[PDB]
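Have a look at the structure below, then the notes.
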Amino acid sequence: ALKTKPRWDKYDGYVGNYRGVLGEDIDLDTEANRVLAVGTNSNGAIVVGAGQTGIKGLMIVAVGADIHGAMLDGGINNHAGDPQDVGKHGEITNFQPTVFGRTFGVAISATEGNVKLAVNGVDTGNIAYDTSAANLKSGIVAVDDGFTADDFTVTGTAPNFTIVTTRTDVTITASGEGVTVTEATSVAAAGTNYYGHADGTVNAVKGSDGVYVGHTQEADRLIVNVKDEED
Amino acid sequence: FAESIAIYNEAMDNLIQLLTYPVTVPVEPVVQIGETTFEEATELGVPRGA
């Protein structure tokens, strides 16, 4: 048709897969129809990411869409205080990793002079082949497009940087010679261990906070078996 | 004396028949029962017991 989207295939509901209530509203553009790593806050309530307890399960907020492909707003399973289902043991099919915003690797091929990047196709002010991480931020912010500093993050050292963003509607590219840009990408990989994080993302990498949530088999599936986070 | 006691007698009768009843069950129970609550439904999981 056009897209498949993650769903519980096996979820029992008597074996410590549990009902709770949300502590917060779920973002329908950013968090619905995704595999969310979840904990509980200092009240009885489900939160995306590490609450008071750390990660205790996975949640899929299943939401329909209109015939034009937008999410149905008036749902009863996605606002604060709505009831939701959290799984520790089960299978998720049409599985995909979960990531928030956009992130771009920038790297400079030039060893002298200046280079140029485009934000949503409009060109940035010139930046040195040795600009500071502070001056990629200042360059990228400084165009009359209305995004401003408030929704960019930058980190790196002169040869390369990561431009992170919380929004989906901003795209970085190269436009001048002497610089290359790749958006990061995530897709499920067969025979891999997946890991929930304090953000609520589910990824193949355990950093300093990753809590094992399951392993895939064939890439389109996840066998969920949450090694619950502990103190 | 049956003339001087007559009003005391009548008063005690009216109070007795209004304050008192004959017992036929010498012991009476009183109980404390507890309660139940609903919860809101989810799509996959199940409610708590009662």
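All Cβ positions, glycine included, derive from the backbone under ideal geometry; neighbour counts span all protein chains shown. Bear in mind these aren't lab numbers, they're just calculated from the coordinates by the rules spelled out.
Rounded, prolate or oblate: which fits the protein assembly as shown, taking a ≥ b ≥ c as square roots of the Cα gyration tensor eigenvalues, rounded meaning a/c under 1.5, else prolate when a/b beats b/c?
Because a/c hits 1.5 or more and a/b exceeds b/c, the protein assembly as shown counts as prolate.
Only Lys, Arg, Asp and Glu count, each charged at its Cβ (+1, +1, -1, -1), so figure out the dipole size of region B:1-45 about its Cα centre, rounded to 20 debye.
The dipole of region B:1-45 has a size of about 360 debye.
How big is the dipole moment of region A:52-187 about its Cα centre under a simple scheme where the beta carbon of each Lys and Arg is +1, that of each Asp and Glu is -1, and everything else is neutral? Debye, nearest 20, please.
Here the size comes out at about 420 debye.
Placing unit charges on C-beta atoms (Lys and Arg positive, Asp and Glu negative, everything else neutral), compute the dipole magnitude of the protein assembly as shown about its Cα centre in debye, rounded to 20.
Using Cβ point charges on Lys, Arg, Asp and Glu, the protein assembly as shown gives about 1120 debye.
Pick out, from A:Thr171, A:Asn225, A:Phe152, the residue whose Cα sits farthest towards the positive end of the charge dipole of region A:113-231, with +1 on the Cβ of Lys and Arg and -1 on the Cβ of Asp and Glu.
Going by the Cα projections, it comes out as A:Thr171.
From the cross-link list A:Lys5/A:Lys227; A:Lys137/A:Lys206; A:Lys206/A:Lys227; A:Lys10/A:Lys88; A:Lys116/A:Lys137; A:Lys5/A:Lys206, which pairs have alpha carbons spaced over 19 Å apart?
In this structure, A:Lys5/A:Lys227; A:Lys137/A:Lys206; A:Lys5/A:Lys206 lie more than 19 Å apart at Cα.
Rounded to the nearest Å, what's the spacing between the alpha carbon centres of chain B and region A:70-89? Just the number, please.
48
Using just the helices of chain B, give the 222 nm mean residue ellipticity in deg cm²/dmol: DSSP H runs with n ≥ 4 each add -39,500 (n - 2.57), and the total is spread over all residues, rounded to 500.
Taking each H run of at least 4 residues, the total per residue is -9000 deg cm²/dmol.
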